[PDB]
Structure formats: C-alpha cells, structure tokens
$ cat start_34.cif   # mmCIF, N, CA and C atoms
data_run
loop_
_atom_site.label_atom_id
_atom_site.label_comp_id
_atom_site.auth_asym_id
_atom_site.auth_seq_id
_atom_site.Cartn_x
_atom_site.Cartn_y
_atom_site.Cartn_z
N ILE A 1 -26.09 -35.39 -3.64
CA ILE A 1 -27.49 -35.27 -4.12
C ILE A 1 -28.41 -36.24 -3.40
N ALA A 2 -29.69 -35.89 -3.32
CA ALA A 2 -30.67 -36.73 -2.66
C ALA A 2 -30.77 -38.08 -3.38
N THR A 3 -31.07 -39.12 -2.62
CA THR A 3 -31.18 -40.46 -3.18
C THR A 3 -32.39 -40.58 -4.11
N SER A 4 -32.90 -41.79 -4.29
CA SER A 4 -34.05 -42.02 -5.16
C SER A 4 -35.24 -41.18 -4.71
N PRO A 5 -36.16 -40.84 -5.64
CA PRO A 5 -37.34 -40.02 -5.33
C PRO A 5 -38.25 -40.71 -4.32
N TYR A 6 -38.32 -42.03 -4.40
CA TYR A 6 -39.16 -42.81 -3.50
C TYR A 6 -38.72 -42.66 -2.04
N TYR A 7 -37.43 -42.84 -1.79
CA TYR A 7 -36.87 -42.74 -0.44
C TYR A 7 -36.83 -41.31 0.10
N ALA A 8 -36.53 -40.35 -0.77
CA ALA A 8 -36.46 -38.95 -0.35
C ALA A 8 -37.77 -38.43 0.20
N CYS A 9 -38.88 -38.82 -0.41
CA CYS A 9 -40.19 -38.36 0.05
C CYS A 9 -40.84 -39.38 0.99
N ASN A 10 -40.43 -40.64 0.89
CA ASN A 10 -41.00 -41.69 1.74
C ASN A 10 -40.95 -41.28 3.21
N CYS A 11 -42.00 -41.62 3.95
CA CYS A 11 -42.07 -41.29 5.37
C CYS A 11 -41.18 -42.18 6.23
N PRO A 12 -41.32 -43.52 6.17
CA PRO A 12 -40.49 -44.42 6.98
C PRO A 12 -39.01 -44.15 6.82
N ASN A 13 -38.63 -43.56 5.69
CA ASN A 13 -37.24 -43.25 5.43
C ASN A 13 -36.98 -41.74 5.48
N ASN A 14 -38.05 -40.95 5.35
CA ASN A 14 -37.94 -39.49 5.37
C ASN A 14 -39.30 -38.80 5.57
N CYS A 15 -39.78 -38.74 6.81
CA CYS A 15 -41.07 -38.10 7.08
C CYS A 15 -40.96 -36.58 7.06
N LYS A 16 -39.74 -36.06 6.91
CA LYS A 16 -39.53 -34.63 6.88
C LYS A 16 -40.30 -34.03 5.71
N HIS A 17 -40.32 -34.76 4.60
CA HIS A 17 -41.02 -34.31 3.40
C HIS A 17 -42.43 -34.90 3.31
N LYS A 18 -43.38 -34.02 3.04
CA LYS A 18 -44.78 -34.40 2.91
C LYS A 18 -45.31 -33.88 1.58
N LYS A 19 -46.54 -34.27 1.22
CA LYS A 19 -47.12 -33.82 -0.04
C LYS A 19 -47.03 -32.30 -0.16
N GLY A 20 -46.57 -31.84 -1.32
CA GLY A 20 -46.43 -30.41 -1.54
C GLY A 20 -45.04 -29.91 -1.19
N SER A 21 -44.25 -30.75 -0.53
CA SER A 21 -42.89 -30.38 -0.15
C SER A 21 -41.93 -30.54 -1.32
N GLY A 22 -41.04 -29.57 -1.49
CA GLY A 22 -40.08 -29.64 -2.57
C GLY A 22 -39.05 -30.72 -2.34
N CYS A 23 -38.51 -31.27 -3.41
CA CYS A 23 -37.51 -32.33 -3.29
C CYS A 23 -36.67 -32.46 -4.55
N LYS A 24 -35.54 -33.16 -4.42
CA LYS A 24 -34.63 -33.37 -5.54
C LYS A 24 -34.09 -34.79 -5.51
N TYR A 25 -33.53 -35.24 -6.63
CA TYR A 25 -32.97 -36.59 -6.70
C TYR A 25 -32.14 -36.77 -7.96
N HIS A 26 -31.10 -37.59 -7.87
CA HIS A 26 -30.25 -37.84 -9.02
C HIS A 26 -30.74 -39.06 -9.77
N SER A 27 -30.75 -38.97 -11.10
CA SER A 27 -31.20 -40.07 -11.93
C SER A 27 -30.18 -40.39 -13.01
N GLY A 28 -29.08 -41.03 -12.61
CA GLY A 28 -28.05 -41.40 -13.55
C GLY A 28 -26.98 -42.26 -12.92
N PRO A 29 -26.10 -42.85 -13.74
CA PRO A 29 -25.01 -43.71 -13.26
C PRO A 29 -23.89 -42.93 -12.58
N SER A 30 -23.27 -43.55 -11.58
CA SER A 30 -22.16 -42.94 -10.84
C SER A 30 -22.44 -41.48 -10.47
N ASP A 31 -21.36 -40.71 -10.36
CA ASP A 31 -21.41 -39.30 -10.02
C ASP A 31 -21.89 -38.48 -11.21
N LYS A 32 -21.84 -39.10 -12.38
CA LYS A 32 -22.25 -38.47 -13.60
C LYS A 32 -23.72 -38.05 -13.55
N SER A 33 -24.46 -38.62 -12.60
CA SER A 33 -25.88 -38.29 -12.46
C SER A 33 -26.06 -36.83 -12.07
N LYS A 34 -27.25 -36.31 -12.33
CA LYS A 34 -27.55 -34.92 -12.02
C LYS A 34 -28.79 -34.80 -11.15
N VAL A 35 -28.74 -33.90 -10.18
CA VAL A 35 -29.86 -33.68 -9.28
C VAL A 35 -31.02 -33.08 -10.05
N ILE A 36 -32.19 -33.67 -9.89
CA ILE A 36 -33.38 -33.21 -10.58
C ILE A 36 -34.39 -32.66 -9.58
N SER A 37 -34.79 -31.41 -9.75
CA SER A 37 -35.76 -30.81 -8.84
C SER A 37 -37.13 -31.43 -9.05
N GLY A 38 -37.98 -31.33 -8.03
CA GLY A 38 -39.32 -31.89 -8.12
C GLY A 38 -40.16 -31.63 -6.89
N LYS A 39 -41.32 -32.29 -6.82
CA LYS A 39 -42.24 -32.14 -5.70
C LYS A 39 -42.72 -33.50 -5.21
N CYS A 40 -42.84 -33.67 -3.90
CA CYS A 40 -43.29 -34.95 -3.35
C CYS A 40 -44.80 -35.12 -3.56
N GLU A 41 -45.19 -36.27 -4.11
CA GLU A 41 -46.60 -36.57 -4.38
C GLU A 41 -46.91 -38.02 -4.03
N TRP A 42 -48.09 -38.26 -3.47
CA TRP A 42 -48.48 -39.62 -3.10
C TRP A 42 -48.94 -40.41 -4.33
N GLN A 43 -48.48 -41.65 -4.42
CA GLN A 43 -48.84 -42.53 -5.53
C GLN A 43 -49.87 -43.55 -5.09
N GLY A 44 -50.71 -43.12 -4.16
CA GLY A 44 -51.74 -43.99 -3.64
C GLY A 44 -51.38 -44.61 -2.31
N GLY A 45 -50.29 -44.15 -1.71
CA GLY A 45 -49.88 -44.69 -0.43
C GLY A 45 -48.40 -44.48 -0.16
N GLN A 46 -47.63 -44.27 -1.21
CA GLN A 46 -46.19 -44.06 -1.07
C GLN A 46 -45.81 -42.68 -1.61
N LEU A 47 -44.86 -42.03 -0.94
CA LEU A 47 -44.42 -40.71 -1.36
C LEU A 47 -43.24 -40.79 -2.32
N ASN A 48 -43.40 -40.17 -3.49
CA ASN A 48 -42.36 -40.15 -4.50
C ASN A 48 -42.13 -38.74 -5.01
N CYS A 49 -40.88 -38.42 -5.27
CA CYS A 49 -40.53 -37.10 -5.77
C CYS A 49 -40.76 -37.04 -7.28
N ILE A 50 -41.64 -36.14 -7.70
CA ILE A 50 -41.95 -36.00 -9.11
C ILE A 50 -41.27 -34.77 -9.69
N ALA A 51 -40.25 -35.01 -10.49
CA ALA A 51 -39.52 -33.93 -11.12
C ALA A 51 -40.38 -33.23 -12.16
N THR A 52 -40.49 -31.92 -12.04
CA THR A 52 -41.29 -31.13 -12.97
C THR A 52 -40.49 -30.80 -14.23
#
$ encode --input "start_34.cif" --output "structure tokens"
Amino acid sequence: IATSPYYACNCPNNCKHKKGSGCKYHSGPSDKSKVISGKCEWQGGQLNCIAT
C-alpha cells in the first residue's frame, strides 16, 4: 500500500501526483492497516492525500 498521504502526493517525494490526482494510503499499525482511497489536495503548499 502507498505510504503516508503527505509523501504519496508530495512533489519532492512524488511529483507524479498533482492536485486532482487520485491516491491511496494506509492508516494503521503493521500490516493490519488498510489502504484508504482519496484525492491529492494542496494544504497551502504541501500535497496531501485526502481520503473521501
């Protein structure tokens, strides 16, 4: 599963994804975590994946 929402959408770490681009990320301990769908959105300068 994709890493944190911040890094997945972040440009310096992932410029592939831009605002409006779909994205996913796991939010839980160990493998027990589950991939959460979402969309990349700017938080005033940084790209973060916002799970809908």
$ atom_distance --input "start_34.cif" --atom1 "atom N of residue A:17" --atom2 "atom CA of residue A:52"
18.0 Å
$ select_by_dssp --input "start_34.cif" --residues "chain A" --states "alpha helix (DSSP H)" --output "number ranges by chain"
A: 5-9, 11-14
$ write_last_selection --input "start_34.cif" --atoms "N, CA and C atoms" --output "PDB file, in the coordinates of the input"
ATOM      1  N   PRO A   5     -36.160 -40.840  -5.640  1.00  0.00           N
ATOM      2  CA  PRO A   5     -37.340 -40.020  -5.330  1.00  0.00           C
ATOM      3  C   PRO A   5     -38.250 -40.710  -4.320  1.00  0.00           C
ATOM      4  N   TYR A   6     -38.320 -42.030  -4.400  1.00  0.00           N
ATOM      5  CA  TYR A   6     -39.160 -42.810  -3.500  1.00  0.00           C
ATOM      6  C   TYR A   6     -38.720 -42.660  -2.040  1.00  0.00           C
ATOM      7  N   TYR A   7     -37.430 -42.840  -1.790  1.00  0.00           N
ATOM      8  CA  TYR A   7     -36.870 -42.740  -0.440  1.00  0.00           C
ATOM      9  C   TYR A   7     -36.830 -41.310   0.100  1.00  0.00           C
ATOM     10  N   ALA A   8     -36.530 -40.350  -0.770  1.00  0.00           N
ATOM     11  CA  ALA A   8     -36.460 -38.950  -0.350  1.00  0.00           C
ATOM     12  C   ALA A   8     -37.770 -38.430   0.200  1.00  0.00           C
ATOM     13  N   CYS A   9     -38.880 -38.820  -0.410  1.00  0.00           N
ATOM     14  CA  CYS A   9     -40.190 -38.360   0.050  1.00  0.00           C
ATOM     15  C   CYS A   9     -40.840 -39.380   0.990  1.00  0.00           C
ATOM     16  N   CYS A  11     -42.000 -41.620   3.950  1.00  0.00           N
ATOM     17  CA  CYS A  11     -42.070 -41.290   5.370  1.00  0.00           C
ATOM     18  C   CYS A  11     -41.180 -42.180   6.230  1.00  0.00           C
ATOM     19  N   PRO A  12     -41.320 -43.520   6.170  1.00  0.00           N
ATOM     20  CA  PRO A  12     -40.490 -44.420   6.980  1.00  0.00           C
ATOM     21  C   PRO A  12     -39.010 -44.150   6.820  1.00  0.00           C
ATOM     22  N   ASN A  13     -38.630 -43.560   5.690  1.00  0.00           N
ATOM     23  CA  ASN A  13     -37.240 -43.250   5.430  1.00  0.00           C
ATOM     24  C   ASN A  13     -36.980 -41.740   5.480  1.00  0.00           C
ATOM     25  N   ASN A  14     -38.050 -40.950   5.350  1.00  0.00           N
ATOM     26  CA  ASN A  14     -37.940 -39.490   5.370  1.00  0.00           C
ATOM     27  C   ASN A  14     -39.300 -38.800   5.570  1.00  0.00           C
TER      28      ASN A  14
END
$ closest_residue --input "start_34.cif" --among "A:35, A:3, A:29, A:18" --to "residue A:47" --atoms "all atoms listed in the file"
A:18
$ atom_distance --input "start_34.cif" --atom1 "atom CA of residue A:32" --atom2 "atom CA of residue A:16"
27.1 Å
$ atom_distance --input "start_34.cif" --atom1 "atom C of residue A:40" --atom2 "atom CA of residue A:4"
12.9 Å
$ resolve_selection --input "start_34.cif" --expression "the PyMOL selection byres (((chain A and resi 51 and name CA) around 9) and name CA)" --output "ChimeraX atom specification"
/A:5,23-25,36-40,49-50,52
$ closest_residue --input "start_34.cif" --among "A:19, A:13, A:26, A:43" --to "residue A:1" --atoms "all atoms listed in the file"
A:26
$ select_by_dssp --input "start_34.cif" --residues "chain A" --states "strand (DSSP E or B)" --output "PyMOL selection string"
chain A and resi 22-26+35-42+47-50
$ decode --input "start_34.cif" --residues "stretch 1-24 of chain A" --atoms "N, CA, C and O atoms" --output "PDB file, in the first residue's frame"
ATOM      1  N   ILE A   1       0.840  -1.226   0.000  1.00  0.00           N
ATOM      2  CA  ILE A   1       0.000   0.000   0.000  1.00  0.00           C
ATOM      3  C   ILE A   1       0.861   1.257   0.000  1.00  0.00           C
ATOM      4  O   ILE A   1       1.997   1.244   0.471  1.00  0.00           O
ATOM      5  N   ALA A   2       0.309   2.341  -0.530  1.00  0.00           N
ATOM      6  CA  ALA A   2       1.023   3.607  -0.584  1.00  0.00           C
ATOM      7  C   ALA A   2       1.345   4.085   0.829  1.00  0.00           C
ATOM      8  O   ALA A   2       0.595   3.819   1.769  1.00  0.00           O
ATOM      9  N   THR A   3       2.459   4.788   0.971  1.00  0.00           N
ATOM     10  CA  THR A   3       2.882   5.295   2.270  1.00  0.00           C
ATOM     11  C   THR A   3       1.932   6.386   2.776  1.00  0.00           C
ATOM     12  O   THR A   3       0.769   6.435   2.375  1.00  0.00           O
ATOM     13  N   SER A   4       2.427   7.258   3.654  1.00  0.00           N
ATOM     14  CA  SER A   4       1.614   8.335   4.206  1.00  0.00           C
ATOM     15  C   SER A   4       1.040   9.206   3.090  1.00  0.00           C
ATOM     16  O   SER A   4       1.616   9.289   2.004  1.00  0.00           O
ATOM     17  N   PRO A   5      -0.109   9.863   3.339  1.00  0.00           N
ATOM     18  CA  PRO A   5      -0.757  10.723   2.343  1.00  0.00           C
ATOM     19  C   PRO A   5       0.122  11.901   1.944  1.00  0.00           C
ATOM     20  O   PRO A   5       0.104  12.344   0.795  1.00  0.00           O
ATOM     21  N   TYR A   6       0.887  12.404   2.902  1.00  0.00           N
ATOM     22  CA  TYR A   6       1.775  13.532   2.663  1.00  0.00           C
ATOM     23  C   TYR A   6       2.846  13.204   1.623  1.00  0.00           C
ATOM     24  O   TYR A   6       3.042  13.948   0.667  1.00  0.00           O
ATOM     25  N   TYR A   7       3.527  12.077   1.814  1.00  0.00           N
ATOM     26  CA  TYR A   7       4.587  11.646   0.903  1.00  0.00           C
ATOM     27  C   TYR A   7       4.070  11.175  -0.457  1.00  0.00           C
ATOM     28  O   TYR A   7       4.698  11.426  -1.485  1.00  0.00           O
ATOM     29  N   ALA A   8       2.933  10.493  -0.465  1.00  0.00           N
ATOM     30  CA  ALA A   8       2.358   9.985  -1.709  1.00  0.00           C
ATOM     31  C   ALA A   8       2.026  11.095  -2.698  1.00  0.00           C
ATOM     32  O   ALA A   8       2.242  10.942  -3.901  1.00  0.00           O
ATOM     33  N   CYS A   9       1.508  12.206  -2.204  1.00  0.00           N
ATOM     34  CA  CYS A   9       1.154  13.316  -3.081  1.00  0.00           C
ATOM     35  C   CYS A   9       2.272  14.360  -3.147  1.00  0.00           C
ATOM     36  O   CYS A   9       2.349  15.123  -4.109  1.00  0.00           O
ATOM     37  N   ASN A  10       3.133  14.396  -2.130  1.00  0.00           N
ATOM     38  CA  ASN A  10       4.235  15.359  -2.102  1.00  0.00           C
ATOM     39  C   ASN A  10       5.031  15.308  -3.395  1.00  0.00           C
ATOM     40  O   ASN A  10       5.235  14.241  -3.956  1.00  0.00           O
ATOM     41  N   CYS A  11       5.463  16.472  -3.870  1.00  0.00           N
ATOM     42  CA  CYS A  11       6.239  16.556  -5.102  1.00  0.00           C
ATOM     43  C   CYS A  11       7.689  16.094  -4.923  1.00  0.00           C
ATOM     44  O   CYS A  11       8.132  15.181  -5.620  1.00  0.00           O
ATOM     45  N   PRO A  12       8.456  16.674  -3.974  1.00  0.00           N
ATOM     46  CA  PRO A  12       9.852  16.276  -3.774  1.00  0.00           C
ATOM     47  C   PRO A  12      10.007  14.776  -3.577  1.00  0.00           C
ATOM     48  O   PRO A  12      11.075  14.218  -3.829  1.00  0.00           O
ATOM     49  N   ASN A  13       8.943  14.127  -3.130  1.00  0.00           N
ATOM     50  CA  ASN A  13       8.972  12.690  -2.908  1.00  0.00           C
ATOM     51  C   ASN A  13       8.123  11.948  -3.942  1.00  0.00           C
ATOM     52  O   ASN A  13       8.312  10.752  -4.157  1.00  0.00           O
ATOM     53  N   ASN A  14       7.205  12.668  -4.594  1.00  0.00           N
ATOM     54  CA  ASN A  14       6.327  12.070  -5.603  1.00  0.00           C
ATOM     55  C   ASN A  14       5.625  13.134  -6.459  1.00  0.00           C
ATOM     56  O   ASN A  14       4.462  13.455  -6.216  1.00  0.00           O
ATOM     57  N   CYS A  15       6.319  13.680  -7.461  1.00  0.00           N
ATOM     58  CA  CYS A  15       5.722  14.696  -8.328  1.00  0.00           C
ATOM     59  C   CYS A  15       4.773  14.071  -9.346  1.00  0.00           C
ATOM     60  O   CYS A  15       4.108  14.784 -10.099  1.00  0.00           O
ATOM     61  N   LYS A  16       4.706  12.743  -9.376  1.00  0.00           N
ATOM     62  CA  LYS A  16       3.827  12.059 -10.309  1.00  0.00           C
ATOM     63  C   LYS A  16       2.385  12.474 -10.047  1.00  0.00           C
ATOM     64  O   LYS A  16       1.594  12.640 -10.975  1.00  0.00           O
ATOM     65  N   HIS A  17       2.055  12.641  -8.771  1.00  0.00           N
ATOM     66  CA  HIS A  17       0.712  13.038  -8.375  1.00  0.00           C
ATOM     67  C   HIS A  17       0.602  14.544  -8.162  1.00  0.00           C
ATOM     68  O   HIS A  17       1.429  15.159  -7.487  1.00  0.00           O
ATOM     69  N   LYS A  18      -0.435  15.119  -8.753  1.00  0.00           N
ATOM     70  CA  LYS A  18      -0.710  16.546  -8.656  1.00  0.00           C
ATOM     71  C   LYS A  18      -2.141  16.751  -8.179  1.00  0.00           C
ATOM     72  O   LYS A  18      -2.895  15.786  -8.065  1.00  0.00           O
ATOM     73  N   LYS A  19      -2.516  17.992  -7.888  1.00  0.00           N
ATOM     74  CA  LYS A  19      -3.871  18.275  -7.425  1.00  0.00           C
ATOM     75  C   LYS A  19      -4.895  17.666  -8.374  1.00  0.00           C
ATOM     76  O   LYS A  19      -4.797  17.819  -9.593  1.00  0.00           O
ATOM     77  N   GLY A  20      -5.876  16.977  -7.807  1.00  0.00           N
ATOM     78  CA  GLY A  20      -6.902  16.346  -8.615  1.00  0.00           C
ATOM     79  C   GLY A  20      -6.561  14.907  -8.957  1.00  0.00           C
ATOM     80  O   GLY A  20      -7.406  14.166  -9.459  1.00  0.00           O
ATOM     81  N   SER A  21      -5.319  14.507  -8.685  1.00  0.00           N
ATOM     82  CA  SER A  21      -4.876  13.145  -8.965  1.00  0.00           C
ATOM     83  C   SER A  21      -5.322  12.193  -7.863  1.00  0.00           C
ATOM     84  O   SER A  21      -5.238  12.519  -6.678  1.00  0.00           O
ATOM     85  N   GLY A  22      -5.794  11.015  -8.252  1.00  0.00           N
ATOM     86  CA  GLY A  22      -6.237  10.044  -7.274  1.00  0.00           C
ATOM     87  C   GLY A  22      -5.073   9.461  -6.504  1.00  0.00           C
ATOM     88  O   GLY A  22      -3.957   9.390  -7.020  1.00  0.00           O
ATOM     89  N   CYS A  23      -5.320   9.043  -5.270  1.00  0.00           N
ATOM     90  CA  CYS A  23      -4.267   8.471  -4.443  1.00  0.00           C
ATOM     91  C   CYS A  23      -4.823   7.615  -3.314  1.00  0.00           C
ATOM     92  O   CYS A  23      -6.006   7.690  -2.983  1.00  0.00           O
ATOM     93  N   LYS A  24      -3.950   6.805  -2.725  1.00  0.00           N
ATOM     94  CA  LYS A  24      -4.339   5.927  -1.629  1.00  0.00           C
ATOM     95  C   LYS A  24      -3.251   5.901  -0.564  1.00  0.00           C
ATOM     96  O   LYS A  24      -2.119   6.316  -0.816  1.00  0.00           O
TER      97      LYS A  24
END
